[PDB]
RNA sequence: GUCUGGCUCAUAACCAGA
RNA sequence: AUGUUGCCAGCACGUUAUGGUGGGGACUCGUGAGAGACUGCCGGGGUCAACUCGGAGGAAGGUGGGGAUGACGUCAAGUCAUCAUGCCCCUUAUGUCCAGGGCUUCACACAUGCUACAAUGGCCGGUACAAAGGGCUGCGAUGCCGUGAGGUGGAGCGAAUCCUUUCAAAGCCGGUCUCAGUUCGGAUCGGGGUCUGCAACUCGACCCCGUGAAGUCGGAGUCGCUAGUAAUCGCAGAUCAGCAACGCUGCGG
């Protein structure tokens, strides 16, 4: 994982997006493209449309998944079996 | 017998036909077959009169048997490969029925490489 | 004084021989603090044994390069050369024993395509 | 005060020629030398694959060998110095003056 | 070996026993080039045998060798396009080699919790003629005798 | 290889010298000491705003003429294919075949 | 000696006997033996009762072992499963979760080989 | 892959390096500017037979020596060709770049010029047997030449099948290290493709 | 007959043991 | 021949820290030149011929050992993806820029390797010997802080000088384990971290604690190796910000 001195990494785009999102206490779906951004306690209620490679899958954040990345919740490869 | 076919490009149905034709050769082999591989390839150049190339490899109890053929389509290549493999397996048999005519016979009539050398006394016969 | 050298597969030994007792000084350590292996000691003292001049030469030696076995071999060649310099007329006894011959056996160069100097990669026919 | 004269060249005969010519000129100017002290040869080895495609088992080896000579003088009279910066040498050999 | 026999390696006499055969033994028990450990094992086994019997270890080791040394051994021979088991006389060097190899292996499959004790026990039982190497010599001689019909070629 | 990709490699190099020289290095100096106040400084965020091409981590040592991206040698800046051909022609001073 | 419900081995050195506790390996046993003060080379049949008590209360004090550790690990795995993260369905279908190659290897997660 | 390049086989024994300089930090850019110089000289001059191009460097000044069979073609009477090459070599960031134009004593005894002539004849209309025979005879007419082998391969005569043909005269000991074999390769531009011509010339041996 | 070891390309046959 | 950054035998200064230091060519060593193996000699076989066997001398004896060197051609062998190139095809795209993903997907099959299945061993402590190679916006020491990856800091080094520790591991000595799926084996998994990088989710390496799978020497069949070789042990380099390196190329025990 990322070293502690650098702190968590979040892209500026969705950062400013969620800051303007929570300033008026209304949480609409946010369409995003940085799967590498960590979950911050400022996302607890916001619903992210994180990219997959083809489309965007809704991700509704909770307290449990804080500290992970938006990428773990958009599974890329699809496998159904042989 | 189980055969794995490693084709390339476009050869629809070639894998199944090659599998079914080659798997019928297990009974012809006089020893258990440990592995059997087939590869199908096609020549990109349209100028080739026989573009499709088929190769086979069988591990007949440690003895390697292989053949390679050319045809105008997958079916003809597979059939010719089967014929060549059958001929090779016939020539490989090595069981007793296949080597009974080559074992040296008689006592003095005929000579072969492995024929028993004649015993000679110390003194000249005279 | 007299000084000779012994070399055995990357081990270099400088020897300084004086006519004192049988004290063995190898870089300030004795024959027991050094070379704690009886076979190595016998290999060291063999020239003295065949010349029967045991315990009449104080030996000072400089050791560098190689391992204990190479150092011992180079040291033995060094005492052989020192003895041939001290008393020339014993050359038959040392030479027929082979102690006057430098051993030209070195680590063979590793070759590309092979895992070791001669070891070849495993090859599968099937 | 003495200064170090350091030679590095890829060609043996070239660096030996430069060393002898340099000791000649400094002796002409009347300076004490030590002689062309030899130094260990530097070997850089590279291994490459012959063919453009595949065929890894066939390799080719190359080296670049650098020869080093050490020149040290004494009594640095200005005439020897002025001679030293007025020397023409083959481009292959370089000189390090310290 | 197509162009003729190859020269033999003249290995040296042992320092602390002065016999060729103990050096041959240490080279037989040698693994991965760890010669020091091999000599330690062999010397420990010889000292254990000396302690148990109370006499020289070299003499009892030689007795074990003569007890396990074979004389008639069987090799497959193809004469006139047919193979049979033909009993063949064994040269002294090969008999010594086979005896030492049998001793070392059959000691490796003993159950004395350590290689030194296994080897000492195996040499002692071969000296008294009860070891598994002695048995193996019995079976190889039995097989050589049972195929005596093919000794004519 | 491809002319566009040969060119784009150079464009990265001129971008690197323009930006990574001081902009993408002072931010790293800020982040190194835990004593330095990085969190409010947003030296991480400021250095994210910089173009990716500023980073040398995006560079690729290609053959200086051929454009070959693999089998590169840093001493010559040349592909293994080209080094073999020019050494054989006696073009690289002090290079020859080996034996030992 | 019954230690936290664990039947200790009959005759073993102390730290390696303590390794048999589900929450203790070799480093944990060594440091707890050093800190509490018992000898580390003495056999398991030489424990007195008060030694068992001091090991017991020390371990329940500054360590978590046996059933609680197992259930905490199980709960962590289940929580990771239920949030739908990558490791979640990786655990669900019995495949390696740390990016190991699955083309040939990973028989440990796949179990014994099956022929189809 | 049958035969290694003869120049590289004897690089440290008989033949000499075509570039003479020393660099430790600036080896890479020296090589870059050297290959740029070589390619620029290759494309710029093709009428006069360019047999060899030497590069020497010493700090700021760069000395380039080239050998041609027709020096007058590559040199300007008022320096126009010299002006052009000087200016476009300054453009190569060579700082002070200085040239010695030279001329080869025996054009027919130089392998590169022979290959260039054979390929030029092959390009327009000439049958390859004529070219090989003429080159071989002209080379052996020279005094120092002890043996020449000429070989070119490809779609000879505009045929659909590639072929390899070669003639030899005298002695060509490629395996002998002390023997100096002058090696020349140059590609013939034809309407049906590319024909590559190789020439080996053997002129005695040099013993150092 | 049944289990090995030897043997044979493998089963066979033959040899040595339980 | 040659003495520095390399040796130190005889001399002096050394203080524990040692060629460390003034000094010296003596011995190594480094790198230049040269000598030396040529059936040269002897004896015997030989067509008195090639050639062959043995012996002396010698460091080396019979192309000393190992490399580089690969004839005419074969297999329309491989490579239009190092490069070049005939012809055909695309050209508001099969060119070109960007973000994300993929090349890492897994019911299986094949191939090359590494680690094991242990006592010729595991673990702990002490302790001895190498060669080769690399290093400038790189190697990076002493010191201090961590348990450990590491962090701070920067001595000295374009380097026979400094750093890679003064360089190793197997080895030797001592202690313990006592034949068990174990103090073997380390996979898998849980938690916690370090470093590089704009960024370790897909998809890096390493460190700590815990977890402790298969595996009891492997069927038919099959591979490598003739001497400093096989076996075994460690070290280095290229690529490289980092690494999937157990791979490859070398080096020594």
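Here the Cβ is made from the backbone with ideal geometry for all residues, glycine too, and neighbour counts use every protein chain on show. All of this is worked out from the model, or read from it or from the source named; these are not laboratory values.
The residues listed here are E:118, E:137; of these, the one that is part of a helix (DSSP H, G or I) and within 16 Å of RNA strand I (Cβ to nearest atom) is E:137. Against the list (1) surrounded by 10 or more Cβ atoms within 10 Å (Cβ to Cβ); (2) without any contact (Cβ under 8 Å) to a residue 40 or more places away in the chain; (3) near RNA strand J (Cβ under 10 Å from one of its atoms), the condition residue G:22 fails is (2). Screening B:52, B:65, B:69 for residues that are under 22 Å from the mean Cα position of the chain (by Cα), within 16 Å of RNA strand J (Cβ to nearest atom), within 14 Å of another protein chain (Cβ to nearest Cβ) and under 28 Å from residue B:29 (Cα atoms) leaves exactly one candidate, B:65.
For residue E:127, are the conditions met, namely being under 15 Å from the mean Cα position of the chain (by Cα) and in contact (Cβ under 8 Å) with a residue 60 or more places away in the chain?
Details: under 15 Å from the mean Cα position of the chain (by Cα): yes; in contact (Cβ under 8 Å) with a residue 60 or more places away in the chain: yes.
When the stated conditions are applied, residue E:127 passes them.
Which residue, of A:50, A:59, is in contact with a strand residue (DSSP E or B) (Cβ under 6 Å, 6 or more places away or on another chain), within 11 Å of chain G (Cβ to nearest Cβ) and either more than 23 Å from residue A:26 (Cα to Cα) or not in a loop (DSSP other than H, G, I, E, B) (or both)? Of the residues listed, the single one that is in contact with a strand residue (DSSP E or B) (Cβ under 6 Å, 6 or more places away or on another chain), within 11 Å of chain G (Cβ to nearest Cβ) and either more than 23 Å from residue A:26 (Cα to Cα) or not in a loop (DSSP other than H, G, I, E, B) (or both) is A:59. Restricting to region F:47-71, and then to whatever is under 15 Å from residue F:13 (Cβ atoms) and surrounded by 16 or more Cβ atoms within 10 Å (Cβ to Cβ), can you tell me which residue is nearest to RNA strand J (Cβ to nearest atom)? Only one residue fits best here, namely F:55. Kindly indicate the residue of region B:75-126 that is assigned to a loop (DSSP other than H, G, I, E, B) and surrounded by 15 or more Cβ atoms within 10 Å (Cβ to Cβ) and also nearest to RNA strand I (Cβ to nearest atom) among those meeting that condition. Selected residue: B:93. When you look at residue E:144, is it surrounded by 14 or more Cβ atoms within 10 Å (Cβ to Cβ), within 16 Å of RNA strand I (Cβ to nearest atom) and assigned to a helix (DSSP H, G or I), yes or no? So residue E:144 fits the description; yes.
Only one residue in H:99, H:156, H:113 is in contact with a strand residue (DSSP E or B) (Cβ under 8 Å, 6 or more places away or on another chain) and in the same structural domain as residue H:46 (by CATH), so which one is that?
On the way: H:156 fails: in the same structural domain as residue H:46 (by CATH); H:113 fails: in the same structural domain as residue H:46 (by CATH).
Residue meeting the stated conditions: H:99.
Let me confirm something: among H:81, H:46, which residue is away from chain F (no Cβ under 14 Å), farther than 20 Å from residue F:76 by Cα, outside any loop (DSSP other than H, G, I, E, B) and without any contact (Cβ under 8 Å) to a residue 12 or more places away in the chain? Spell out the reasoning first.
On the way: H:46 fails: outside any loop (DSSP other than H, G, I, E, B).
Every option except H:81 fails the conditions.
Scanning region E:26-40 for residues that are within 14 Å of chain C (Cβ to nearest Cβ) and in a helix (DSSP H, G or I) yields E:26, E:27, E:35, E:36, E:37, E:38, E:39, E:40.
Of all residues in region C:87-112 being in contact (Cβ under 8 Å) with a residue 60 or more places away in the chain and touching a strand residue (DSSP E or B) at 6+ places or on another chain (Cβ under 8 Å), which is nearest to RNA strand I (Cβ to nearest atom)?
Initially, region C:87-112 is screened for residues in contact (Cβ under 8 Å) with a residue 60 or more places away in the chain, giving C:102-103, C:105-107.
From what's left, touching a strand residue (DSSP E or B) at 6+ places or on another chain (Cβ under 8 Å): C:102-103.
Numbers: C:102: 45, C:103: 40 Å.
Only one residue fits best here, namely C:103.
What residue, of B:94, B:90, is in contact (Cβ under 8 Å) with a residue 40 or more places away in the chain, within 14 Å of another protein chain (Cβ to nearest Cβ) and within 30 Å of residue B:25 (Cβ to Cβ)? Full working, then the answer.
On the way: B:90 fails: within 14 Å of another protein chain (Cβ to nearest Cβ).
Of the residues listed, the single one that is in contact (Cβ under 8 Å) with a residue 40 or more places away in the chain, within 14 Å of another protein chain (Cβ to nearest Cβ) and within 30 Å of residue B:25 (Cβ to Cβ) is B:94.
Residue C:115 meets all of the listed conditions (1) assigned to a loop (DSSP other than H, G, I, E, B); (2) touching a strand residue (DSSP E or B) at 6+ places or on another chain (Cβ under 8 Å); (3) more than 16 Å from RNA strand I (Cβ to nearest atom) but one, namely (2). Considering only residues in region B:35-49 that are within 10 Å of RNA strand J (Cβ to nearest atom) and surrounded by 12 or more Cβ atoms within 10 Å (Cβ to Cβ), the one that is nearest to the other protein chains (Cβ to nearest Cβ) turns out to be B:35. Out of G:76, G:49, one residue alone is in the same structural domain as residue G:1 (by CATH) and loosely packed, with under 15 Cβ neighbours inside 10 Å. It is G:49.
Among the residues of region C:26-51, those identified as more than 14 Å from every other protein chain (Cβ to nearest Cβ), within 13 Å of RNA strand J (Cβ to nearest atom) and crowded, with 16+ Cβ neighbours inside 10 Å are C:26, C:34. Which members of region E:96-120 meet the condition of being under 18 Å from residue E:130 (Cβ atoms), more than 16 Å from the chain's Cα centre (by Cα) and touching a residue at least 40 places away in the same chain (Cβ under 8 Å)? Within region E:96-120, just E:117 meets the criteria.
Only one of A:71, A:67 is part of a helix (DSSP H, G or I), touching a strand residue (DSSP E or B) at 6+ places or on another chain (Cβ under 9 Å) and either surrounded by fewer than 13 Cβ atoms within 10 Å (Cβ to Cβ) or within 12 Å of another protein chain (Cβ to nearest Cβ) (or both). Can you tell me which? Outline the logic, then answer.
Working: A:67 fails: part of a helix (DSSP H, G or I).
A:71 is the lone residue from the list that is part of a helix (DSSP H, G or I), touching a strand residue (DSSP E or B) at 6+ places or on another chain (Cβ under 9 Å) and either surrounded by fewer than 13 Cβ atoms within 10 Å (Cβ to Cβ) or within 12 Å of another protein chain (Cβ to nearest Cβ) (or both).
Of D:76, D:52, all but one fail to be in contact with a helix residue (DSSP H, G or I) (Cβ under 7 Å, 6 or more places away or on another chain), surrounded by fewer than 17 Cβ atoms within 10 Å (Cβ to Cβ) and either assigned to a loop (DSSP other than H, G, I, E, B) or within 14 Å of chain F (Cβ to nearest Cβ) (or both); the exception is D:52.
In this structure, is residue F:15 closer than 30 Å to residue A:3 by Cβ, surrounded by 17 or more Cβ atoms within 10 Å (Cβ to Cβ) and more than 8 Å from every other protein chain (Cβ to nearest Cβ)? So residue F:15 fits the description; yes.
Matching residues to (1) assigned to a helix (DSSP H, G or I); (2) more than 24 Å from residue A:76 (Cα to Cα); (3) away from RNA strand I (no atom under 16 Å from the Cβ):
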{"site": "G:33", "(1), (2), (3)": "yes, yes, yes"}
{"site": "G:39", "(1), (2), (3)": "no, yes, yes"}
{"site": "G:56", "(1), (2), (3)": "yes, yes, yes"}
{"site": "G:77", "(1), (2), (3)": "yes, no, yes"}
{"site": "G:87", "(1), (2), (3)": "yes, no, yes"}
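For the residues F:43, F:34, F:98, F:87, the requirement of being in contact with a helix residue (DSSP H, G or I) (Cβ under 6 Å, 6 or more places away or on another chain) and either under 18 Å from residue H:11 (Cβ atoms) or more than 14 Å from chain D (Cβ to nearest Cβ) (or both) singles out F:43. In summary, helices (runs of 4 or more DSSP H) completely within chain F and bearing 3 or more residues that are in contact (Cβ under 8 Å) with a residue 40 or more places away in the chain and within 25 Å of residue H:30 (Cβ to Cβ) occur at F:3-19.
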